[PDB]
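Letters A, B, ... mirror the listed sequences (proteins, then strands); counts begin at 1. The analysis underlying the following values was restricted to heavy atoms, covering all of them including side chains, and did not include hydrogens, waters or symmetry mates.
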Number of protein chains: 2
Amino acid sequence: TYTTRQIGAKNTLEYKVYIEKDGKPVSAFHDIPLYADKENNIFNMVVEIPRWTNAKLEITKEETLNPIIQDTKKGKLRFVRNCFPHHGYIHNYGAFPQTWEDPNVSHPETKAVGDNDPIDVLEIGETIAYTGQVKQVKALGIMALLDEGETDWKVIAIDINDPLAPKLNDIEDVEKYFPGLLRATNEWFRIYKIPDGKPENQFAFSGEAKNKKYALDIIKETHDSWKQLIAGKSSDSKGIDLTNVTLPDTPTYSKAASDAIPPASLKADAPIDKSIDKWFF
Amino acid sequence: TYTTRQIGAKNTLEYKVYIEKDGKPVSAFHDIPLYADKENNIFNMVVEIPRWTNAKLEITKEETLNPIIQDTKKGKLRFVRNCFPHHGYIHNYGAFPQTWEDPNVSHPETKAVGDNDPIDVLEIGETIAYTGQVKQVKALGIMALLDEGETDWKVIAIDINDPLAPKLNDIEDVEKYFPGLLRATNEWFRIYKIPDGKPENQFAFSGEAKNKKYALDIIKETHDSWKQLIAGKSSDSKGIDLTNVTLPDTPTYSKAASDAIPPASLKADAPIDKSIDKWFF
Ligand SMILES: [Mg+2]
Ligand SMILES: [Mg+2]
């Protein structure tokens, strides 16, 4: 829950980042506890995408110890384009470890199934995060995007160490201290696929971020799903590598998995094509 | 007009960038032709600040051969803060060489003396520029900014090599192809110093972007002020270093002034303080 090890040059198909715990690589999906402090609901967020970058990085469910790598489609590295007035991602974008949005399970208020991923976390503080960072955040609220039959929750969160953190407890405080960030968020998730020849995205609750308690209910839900997933009790974990090195009674415990990870690579960031500079109106 | 000579590391007090012609330093103020093609009105832009950066890099008017050095406040490096929804500068930001906002005379459009700097250029093309870059652009329009009460015109321009350049011929085309950019620009230059405890700036003509003909007219004015300044005929050159290596008919001409510049000593970018990340609202 500690440091990172980067495999490969950044902006490259070889690129992977592992989370290490005291030097040893663990699963970013499995071995990082959801709670840093359960009683107070301080969670561990695994950061994937720094604010104001483009490269579409994610925890790979299908790779052992679930490193963060860059999205590809048909062999090409995937980037989100700049969608005026936005520069790349407008949040530090990440996921809550030890959560899973069960596809074999649906929401009524959001007539839509899980998307088979960890719950997405938008961390809205001032400091730009780094890929593979485990930070402590509090949930402030939650939105619901609606990708094709599956509810895509995005928890809105703030780093516990942020100067403003004490002033922020519920979603209305985001309106108070970050005026327009909720609209920007809304705008961005709707249009950020359009430069990629995809359609406009579609929110539930008509774009409403529901509140902190509403976010807590969903997070604890997706945690319980992941408990049955990691326990081997899931109806269907097609593709998900459940290898972990900290949960000694799980079916898929395997300390040696840690030891099998190659050393930190000595490579400078690959250049990114200048096409990714482009601002799309 | 040609290449770059970097001294030290970016984001560092030691950092300078000289513009070289033929591997040798020339004055970035004086020695780069205003026009790359006067017949077709193609200007040479000197780029100071790439789009989406923060460091307040400036042509140093009072340093010999006028290298680009970062501005400082009470001795500390100056960065422009991020003003939501914007990230750093939203334009490739620079100046036309061989021009001067005359500080000694009240400008009739604005009723303010000039800001004592070359005329500023916002280059709107897709590719992000680099510091010390001389690029060829065409003028599209001009905005009448009173930046802290001084006449501070902003030329709206497009790199001649941009894919959209053939389509972009006047200020109506910017709205056409960059909807909302001009509104965002009016706003950006109003507010970008609020985080510094300075007031909101103002524009003449209610922020109306005047057209190309109006831009050419105002650039000519600033070019003529400069010719007087470089002839040593200004009522007050404000301590500006007028040393140059290409203009033999000026008092301050000196080919060998180029020889006295230290050789390139490029170091990797120094890290920037994390506070410069913050988004102000
Ligand atoms: Mg998701
Ligand atoms: Mg100026």
Side-chain angles (χ1 to χ4, degrees), chain A residues 266-271 274, chain B residues 1-34 36 43-51 53-73 75-79 89 92-99 117-118 121 123 127-136 159 226 229-230 237 239-273:
Chain A
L266 323 130
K267 322 279 206 71
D269 300 14
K274 68 176 162 72
Chain B
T1 308
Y2 227 128
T3 48
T4 265
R5 170 172 305 196
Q6 184 172 328
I7 276 56
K10 208 188 298 160
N11 315 308
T12 245
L13 288 155
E14 206 224 315
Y15 171 82
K16 311 180 169 54
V17 183
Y18 294 79
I19 299 204
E20 312 182 300
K21 156 101 202 321
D22 306 318
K24 290 239 102 283
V26 307
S27 162
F29 213 164
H30 304 131
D31 283 332
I32 296 153
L34 177 58
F43 299 95
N44 282 320
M45 181 192 170
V46 171
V47 193
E48 295 166 311
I49 297 176
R51 195 203 312 128
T53 68
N54 299 86
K56 221 306 177 185
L57 305 174
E58 289 164 351
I59 285 153
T60 318
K61 303 183 298 291
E62 43 285 317
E63 185 59 32
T64 317
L65 307 189
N66 318 286
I68 299 166
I69 296 172
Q70 181 161 356
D71 201 11
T72 60
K73 183 189 122 73
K76 15 141 302 172
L77 295 166
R78 205 194 124 191
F79 295 89
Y89 280 78
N92 290 318
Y93 185 86
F96 290 144
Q98 299 196 343
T99 65
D117 284 14
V121 189
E123 194 276 310
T127 312
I128 299 163
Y130 63 93
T131 300
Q133 186 180 17
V134 182
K135 58 160 72 198
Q136 288 67 60
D159 195 325
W226 168 85
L229 164 80
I230 203 63
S237 48
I240 288 169
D241 203 306
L242 295 168
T243 304
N244 69 83
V245 310
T246 59
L247 314 169
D249 285 337
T250 63
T252 33
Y253 171 67
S254 180
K255 251 192 168 205
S258 168
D259 291 36
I261 299 311
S265 46
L266 198 147
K267 298 178 204 179
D269 296 11
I272 296 166
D273 196 83

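- One N or O on the side chain of B:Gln98 and one on the backbone of B:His30 form a donor-acceptor pair closer than 3.5 Å.
- Using modelled atom types, one finds a donor on one side chain and an acceptor on the other under 3.5 Å when comparing B:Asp241 with B:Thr64.
- Under the 3.5 Å distance criterion, with hydrogens and angles disregarded, a donor-acceptor pair is assigned to the side chains of B:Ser27 and B:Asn66.
- Between B:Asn92 and B:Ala129, the shortest heavy-atom distance links the atoms OD1-N, 2.9 Å.
- The heavy-atom pair separating B:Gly132 from B:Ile68 by the smallest distance is N-CD1, 3.7 Å.
- Between B:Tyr15 and the choices B:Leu77, B:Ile69, B:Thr131, the side chain to side chain contact (heavy atoms under 4.5 Å, CB included) rule is met once, by B:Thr131.
- The salt bridge (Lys or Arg N to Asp or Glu O under 4.0 Å) check on B:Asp31 picks up nothing, with sequence neighbours excluded.
- The side-chain contact (heavy atoms from CB on, under 4.5 Å) check on B:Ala28 picks up B:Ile19, B:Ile32, B:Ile59, with sequence neighbours excluded.
- Salt-bridge check for B:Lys10 with B:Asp269: passed, with a basic side-chain N closer than 4.0 Å to an acidic carboxylate O.
- The two residues B:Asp22 and B:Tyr2 come nearest to each other via the heavy atoms N-CB, 4.3 Å.
- When only modelled atom types and interatomic distance are considered, B:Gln70 and B:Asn11 share no side-chain donor-acceptor pair under 3.5 Å.
- Minimum interatomic distance between B:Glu48 and B:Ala95 (heavy atoms only, all atoms of both residues): OE1-N, 4.3 Å.
- Taking a cutoff of 4.0 Å between a charged side-chain nitrogen and a carboxylate oxygen, B:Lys16 and B:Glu63 do not qualify as a salt bridge.
- At most 12 heavy atoms of other shown residues, nucleotides or ligands fall within 6.0 angstrom of atom NZ in B:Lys21.
- Counting all heavy atoms, side chain and backbone alike, B:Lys61 lies closest to B:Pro118 at CD-CD, 4.3 Å.
- B:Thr99 contributes a side-chain N or O that, together with a main-chain N or O of B:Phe96, makes up a donor-acceptor pair within less than 3.5 Å.
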Exercise for the section: Please lay out, stage by stage, how B:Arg51 and B:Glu123 fare under the test salt bridge (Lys or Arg N to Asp or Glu O under 4.0 Å). Expected result: CA-CA 9 Å; B:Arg51 195 203 312 128; B:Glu123 194 276 310; 5.8 Å; no
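- Of the N and O atoms on the side chains of B:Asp159 and B:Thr127, not one donor lies less than 3.5 Å from an acceptor on the other residue.
- Contact record, B:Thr243 with B:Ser254: CG2-CB, 4.4 Å, taken as the closest heavy-atom pair.
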